[PDB]
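Below is one structure; the comments refer to it alone.
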Amino acid sequence: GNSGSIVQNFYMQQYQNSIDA
Amino acid sequence: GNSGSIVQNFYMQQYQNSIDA
Amino acid sequence: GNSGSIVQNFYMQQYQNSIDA
Amino acid sequence: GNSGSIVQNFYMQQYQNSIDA
Amino acid sequence: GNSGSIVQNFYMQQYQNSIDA
Amino acid sequence: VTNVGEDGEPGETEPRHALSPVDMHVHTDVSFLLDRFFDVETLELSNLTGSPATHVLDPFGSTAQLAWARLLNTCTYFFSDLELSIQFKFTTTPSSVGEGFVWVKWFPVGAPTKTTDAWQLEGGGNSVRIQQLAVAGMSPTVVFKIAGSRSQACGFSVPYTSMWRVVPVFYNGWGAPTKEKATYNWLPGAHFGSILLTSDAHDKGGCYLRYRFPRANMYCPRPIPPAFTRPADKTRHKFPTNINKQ
Amino acid sequence: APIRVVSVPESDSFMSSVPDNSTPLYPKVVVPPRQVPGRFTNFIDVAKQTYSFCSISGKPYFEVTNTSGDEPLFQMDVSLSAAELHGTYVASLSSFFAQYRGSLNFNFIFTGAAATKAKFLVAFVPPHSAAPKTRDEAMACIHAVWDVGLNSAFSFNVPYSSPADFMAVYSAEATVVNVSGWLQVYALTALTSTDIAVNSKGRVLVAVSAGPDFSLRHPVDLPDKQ
Amino acid sequence: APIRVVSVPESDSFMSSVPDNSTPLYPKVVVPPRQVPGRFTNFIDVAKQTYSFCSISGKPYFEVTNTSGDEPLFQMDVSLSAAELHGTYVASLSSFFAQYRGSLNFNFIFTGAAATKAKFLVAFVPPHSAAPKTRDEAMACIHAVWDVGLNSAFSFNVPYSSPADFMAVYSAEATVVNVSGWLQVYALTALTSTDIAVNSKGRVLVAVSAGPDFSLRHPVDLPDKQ
Amino acid sequence: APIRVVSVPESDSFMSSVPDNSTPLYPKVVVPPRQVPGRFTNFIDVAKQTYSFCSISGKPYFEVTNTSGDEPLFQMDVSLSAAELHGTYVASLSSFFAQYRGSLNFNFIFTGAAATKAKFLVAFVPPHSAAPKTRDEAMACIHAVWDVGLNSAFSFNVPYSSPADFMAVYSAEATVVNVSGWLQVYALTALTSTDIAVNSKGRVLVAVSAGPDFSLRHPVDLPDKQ
């Protein structure tokens, strides 16, 4: 979704968002 | 065209511009 | 711990923190 | 000449300067 | 010495400091 | 050594334990010494209204010997790009322009001129005009405020405009088929361009133009002008230095 | 942790030609295909593969009577804002700029009766004198002679010869860089007709094709309208 | 998402020697070739491969009469702002800077009648005493003797000897680093001519070539004009 | 196009120890070589390979008469700001910091007549009691006995024993971390001479070498002068 910049992962996806299982 | 900086693709070309086919 | 950004090591871990042995 | 920083080529040399032949 | 950041060499060592022989 | 002089070409002697180099000459390198924003010139901006005096970036004039002047007239022909950095020293109470936009517009060798009004910003009444050729478009404009701006300055690149394969400093001939007193050392556009400064200011401040001459190439050496009177024979000239005595 | 940076004094300023775009506020907008032919990438391109009538007197053509001879037929100061080269594509294109470096071509489309012959002469006068005013003066320069009758038009390439690598797309008081000279055409043989009665005059179109080495460099805003 | 940064206190300041350019507002400007010969990259270069007349008295040369002998002929405090070395290329170049580290060379172009002979002596006096004033005092130092007649000029290399790796391109009150000493030339044999009548005096040019180990370091703005 | 960043609140602040330099305003300055010997990288280094006289009474030495015996000879609270260890290199170095972790060494250079013998005792009293005041009390601790005559000096290593990994380079009111104890030397045998006449007293120098496991950590500004 609307996040097409190569800086979005400055904060790795754990801190960024959530996680399912 | 007048965009010769290596930061232009911070936003990948989908968000940047359009697309044809 | 709460530092999940890929800029935390701008200052290498010697200046950053301490060290044990 | 006096440009010893690794950011000088943010603008590629076409936009930066001129060109001869 | 007290410069443990990975940006110190933005200015290459010629502009940065001096040189001996 | 016995010199058979007169045929130009110098003549050396070479002692014993000749001395090792260091520094590598380097600090005398033409392109290098000239790649630094100098403080050259200084003008007065334009009111948005009325007709302008298109300023021209011709740094091949010299006179006030600020060691950049002589250096340019050490060569015959010169070819380099340019880069500028306008600043703007307030001249009175630095709180009388609550905004000051300044339409620094650069022009390339040959661009037309005649700039009367044609723009106008409509808003609730009053409406403030902008100079016709001042607006944005073909030739790079920069809009910077003169209020709260922690550096009422700008700055950019300006690649070599002029038609000439290289810029001749001192011309011996004339510039136009009208062998006229003026067109002697003129030559049509031995320069880097122009600049038109317009802002609601114009008064209450000046500027301090600047030049960064990257890719400076020099040709045909010339003699280098003394810059200091002659002293009293046999002796030294004494300028108060870092060193000195006390 | 936090990176260390320093803003240039310039910083929060405009820049009307920053080599680099802006922030993409709408995204993923796929765009439909285009099937229209007659497309272009370069502007020089169109003026090279296309002529345009030069405006002599208010018309795009001169005359040829059987009472001429000496007098000049057509003359103009070869600079992209000289009268004739005013209305042309090639010249009107130019004014978005500041410089050109090209030799031009002209084509002489003779339109007189099919019972008319005119024979003739063109000449390029490099800058020096003050406009030769008789072929006898002009023929001593670079010229071409042409005989209508079976041709049905002609072509002359006014070259590029000057010390400067680029000249001015804008004319001004006599400079070594404004003027490239004149272009002249002469009555090397006063026109002829089946009857001087039916056919009075013959005419000739003066079309301007961009030369094969011609190019415009440097875009520039438009001054005032004058 | 957004990067984390911190401006240095300095930040939005000038910097009149920032190793790095500015924003390229005009681009793609291809530039025409240059065919001019006699080009240079380095300034030392030109003063090494080129002499320049030192200004003794107001002229670039001393005399030689058949009434001299003891007296000194030429003397000057070897420092790049000492009288003689004032008008020279090598010395005038210097003032864009602050330091030099080189031994200099001088060439003595004797210009007297072709029926004249002068024979002679040069001498370098390192700093210590207060200027020897007779060769008998000076010859006890480093000196060279030369006989015009068939030579037609001569060369003497005033070396570099001092405890500091660089000296001052600017002269000032007596320092261990200003003065490198004196340069002296003497009448080791008073001049001679076919007739004292026709040929009174002989002369000699004093040309200054940059030495082979000489270099200027440190650019510096120009002070006041004095 | 434009990168997205966020300044930390701190941002445009100073920082008197930012691990990273500043903007290089002068460049390419090649620097001349250095041939001076006796150079150093580390400060501990110099105080390890070098002693310094401890200031007892106002002098760097105690006495030894043939009327002593019981009484203590030398005593001081082993902490880097205790009287004796005040003027020493090792102690004066310390005050640029805040912490030390080392056992010290002392050397006893006996200077009495070459016809004098003194024999003797040193003792380290860990912190607890309130200063034993007779060897009979002190000998029950860690001590060393030494006989001048042929030795010509002696060495005693006051170790490091305490629960804290680093102690205080600054003395203060009795803490478990200030005081490491006392250092004591005793007259285990009252001095002797060829004649009590010629040789009254013998002396002994008290030199302080940094121990082999000693180090200073933490630089700290200097307080007030007191």
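Protein chains in written order, with the entry's author numbering: chain A, 16 to 36; chain B, 16 to 36; chain C, 16 to 36; chain D, 16 to 36; chain E, 16 to 36; chain F, 1 to 246; chain G, 1 to 226; chain H, 1 to 226; chain I, 1 to 226. Yeah, the Cβ is synthetic: ideal placement off N, Cα and C, and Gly gets one too.
Member of the options whose CA lies at the smallest distance from the CA of residue i
{"i": "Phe101/F", "options": "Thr178/F, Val135/F, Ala111/F, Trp164/F", "result": "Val135/F"}
{"i": "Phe14/G", "options": "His55/F, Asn172/F, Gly155/F", "result": "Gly155/F"}
{"i": "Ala91/I", "options": "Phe120/I, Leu222/I, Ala210/I", "result": "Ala210/I"}
{"i": "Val30/H", "options": "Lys234/F, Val158/F, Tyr184/F", "result": "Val158/F"}
{"i": "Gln35/I", "options": "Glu173/H, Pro163/H, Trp146/H", "result": "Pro163/H"}
{"i": "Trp146/I", "options": "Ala168/I, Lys119/I, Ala123/I", "result": "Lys119/I"}
{"i": "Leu19/F", "options": "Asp213/H, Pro27/H, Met76/H, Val177/H", "result": "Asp213/H"}
{"i": "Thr183/F", "options": "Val78/G, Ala174/G, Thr194/G", "result": "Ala174/G"}
{"i": "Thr92/F", "options": "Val128/F, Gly98/F, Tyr160/F, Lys204/F", "result": "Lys204/F"}
{"i": "residue 54/E", "options": "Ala138/I, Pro19/I, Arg4/I", "result": "Outside the shown range of chain E (16 to 36) lies residue 54/E, about which nothing can therefore be said."}
{"i": "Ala118/F", "options": "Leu133/F, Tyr171/F, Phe90/F, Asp23/F", "result": "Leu133/F"}
Buried/exposed call for residue i, threshold 16 Cβ in 10 Å
{"i": "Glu84/G", "result": "buried"}
{"i": "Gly61/F", "result": "exposed"}
{"i": "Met27/C", "result": "exposed"}
{"i": "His218/G", "result": "buried"}
{"i": "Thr67/H", "result": "exposed"}
{"i": "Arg135/I", "result": "buried"}
{"i": "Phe62/I", "result": "buried"}
{"i": "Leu104/H", "result": "buried"}
{"i": "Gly102/I", "result": "buried"}
Proximal chain D residues relative to residue i, where beta-carbon distance stays under 7 angstroms
{"i": "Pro94/F", "result": "What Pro94/F touches in chain D: nothing, since even the nearest Cβ is about 32 angstroms away."}
9 angstroms Cβ cut-off: residues of chain B touching residue i
{"i": "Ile3/I", "result": "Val22, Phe25"}
Three-state secondary structure assigned by DSSP to residue i
{"i": "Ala190/H", "result": "coil"}
{"i": "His86/G", "result": "helix"}
{"i": "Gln120/F", "result": "strand"}
{"i": "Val158/H", "result": "strand"}
{"i": "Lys59/H", "result": "strand"}
{"i": "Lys89/F", "result": "coil"}
{"i": "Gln28/D", "result": "coil"}
{"i": "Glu12/F", "result": "coil"}
{"i": "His191/F", "result": "coil"}
{"i": "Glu6/F", "result": "coil"}
{"i": "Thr116/H", "result": "strand"}
{"i": "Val31/I", "result": "coil"}
{"i": "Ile34/C", "result": "coil"}
{"i": "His143/H", "result": "strand"}
{"i": "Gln184/G", "result": "strand"}
{"i": "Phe43/G", "result": "helix"}
{"i": "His55/F", "result": "strand"}
{"i": "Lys48/G", "result": "helix"}
{"i": "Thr28/F", "result": "helix"}
{"i": "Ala91/I", "result": "helix"}
{"i": "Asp12/G", "result": "coil"}
Interface partners of residue i on chain F, CB under 8 angstroms
{"i": "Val30/I", "result": "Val22, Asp23, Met24, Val26"}
Amino acids of chain H, ordered along the chain, whose beta-carbon sits closer than 9 angstroms to that of residue i
{"i": "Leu25/I", "result": "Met15, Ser16, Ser17, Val18, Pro19"}
Chain-ordered neighbours of residue i on chain F, where CB pairs are closer than 9 angstroms
{"i": "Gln28/D", "result": "Within chain F, no residue comes near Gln28/D; the closest Cβ sits about 10 angstroms away, beyond 9 angstroms."}
Closer than 7 angstroms at the beta carbon, the chain E residues around residue i
{"i": "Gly19/D", "result": "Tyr26, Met27, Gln29, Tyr30"}
Under 8 angstroms from the C-beta of residue i: neighbouring residues of chain D
{"i": "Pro33/H", "result": "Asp35, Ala36"}
Listed by chain order, chain H residues near residue i by CB distance under 8 angstroms
{"i": "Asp29/F", "result": "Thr41, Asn42, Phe43"}
{"i": "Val78/G", "result": "Correct list: empty, because the minimum Cβ distance to chain H is about 21 angstroms."}
Beta-carbon neighbours of residue i, restricted to chain I and to distances below 7 angstroms
{"i": "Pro9/H", "result": "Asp12, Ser13, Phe14"}
Partner residues on chain F for residue i, Cβ-Cβ distance less than 7 angstroms
{"i": "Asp224/G", "result": "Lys114, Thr115, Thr116, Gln132"}
Cross-chain neighbours of residue i in chain J, by beta carbon under 8 angstroms
{"i": "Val6/H", "result": "This model lacks chain J altogether; the protein chains it does include are A, B, C, D, E, F, G, H and I."}
| Which residues, in order along the region 139-154 of chain F, keep a beta-carbon less than 9 angstroms from a beta-carbon of chain G? | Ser139, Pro140, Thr141, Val142, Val143, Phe144, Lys145, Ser149, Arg150, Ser151, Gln152, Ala153, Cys154
| query | When Cβ atoms are compared, which residues of the region 142-174 of chain G fall closer than 8 angstroms to chain F? | reply | Hits within the stretch, in order: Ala164, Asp165, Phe166, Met167, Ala168, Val169, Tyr170, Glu173, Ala174.
| task | Closer than 9 angstroms, Cβ to Cβ, to anything on chain F: give me those residues from the region 89-106 of chain G, in chain order. | result | Among the residues of the region 89-106 of chain G, those with a Cβ less than 9 angstroms away from any Cβ of chain F are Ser95, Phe96, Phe97, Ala98, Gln99, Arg101, in the order of the chain.
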